[PDB]
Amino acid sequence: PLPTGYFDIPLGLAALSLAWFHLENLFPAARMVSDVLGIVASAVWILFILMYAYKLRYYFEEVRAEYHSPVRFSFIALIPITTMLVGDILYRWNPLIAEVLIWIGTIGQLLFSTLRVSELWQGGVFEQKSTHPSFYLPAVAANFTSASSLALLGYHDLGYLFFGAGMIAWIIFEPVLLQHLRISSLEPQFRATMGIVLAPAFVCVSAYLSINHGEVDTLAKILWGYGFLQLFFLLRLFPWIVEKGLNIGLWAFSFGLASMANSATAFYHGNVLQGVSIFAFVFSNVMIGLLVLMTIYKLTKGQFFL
């Protein structure tokens, strides 16, 4: 009965493993860094999956309440997302086990959204105050992750379907999210979830480049531009985001940061904006590094688990 959002941790580490993996053909030593990150992410995922299985068996009413909440349900999508990313890692060692994880995560996230995201359209449960960045997780991030994982398995055209579902879902949600943020101050207890606002453009372009064989084209450049705009905005907002202190919820940023790193490797490979690429890759790794150090610190104080 771990907090569900703690899945952000293996998610970010797994995505960062994949970014480093994609540098191996330029810098062979990147593979060891990728492998270490990937093993740590997989180990943490195993632990957190077992904990969540325990929650389901013995704390089921807590899961039921999170599921039916028009806000909290979204974090459940971190489970299949991380499952797919761990599959993508494991593909380097065992394509069969990888493929199983990728399909479980894909079928699971699609079933999840089909059951819950659509149900919101019945009205009367979701309220204006439910308009939170976390909605990107089931609606957008899960589809991008399926897109890139299916492309890894060779299913590029199926990947494009998931890609399009995520990209259009993103464009369709974000307008109402930013209008809500403008009007209604997001309370401090939820502010770390502003980190999820960094994700869409970077997760999108990373998935796109995964499906299109790494071709850095006009769409990719357009996505990077909006991604950087959002990064600058969130940097400016950071003191406000952490008004009430640093917390583990800041791992919400790691998905976007890791996807910035991953897409940077493709831009670099493609000889597009190489200087920006190096900055992005270094910046994202430093920030995730700080998240790791803050987390080790909290673990040493017994301030990690609830």
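All residue numbers are counted from 1 along the displayed sequence.
Of the two stretches examined, 234-242 and 23-31, the record assigns the greater average C-alpha temperature factor to 23-31. Comparing the deposited coordinates for 155-163 and 98-106, the stretch with the larger average C-alpha B-factor is 98-106. Taking only the listed residues 182, 116, 129, 92, the entry reports the highest CA temperature factor at 92.
As recorded in the entry, 53 carries the highest CA temperature factor of 53, 258, 266, 65. Annotation for residue 122: CA B-factor lies in the middle third of the chain's modelled residues. The deposited CA B-factor of residue 195 belongs to the lowest third of values across its chain. Annotation for residue 88: C-alpha temperature factor in the middle third relative to the rest of the modelled chain, per the entry. Ranked within its chain, residue 82 lands in the middle third, by CA B factor from the PDB record.
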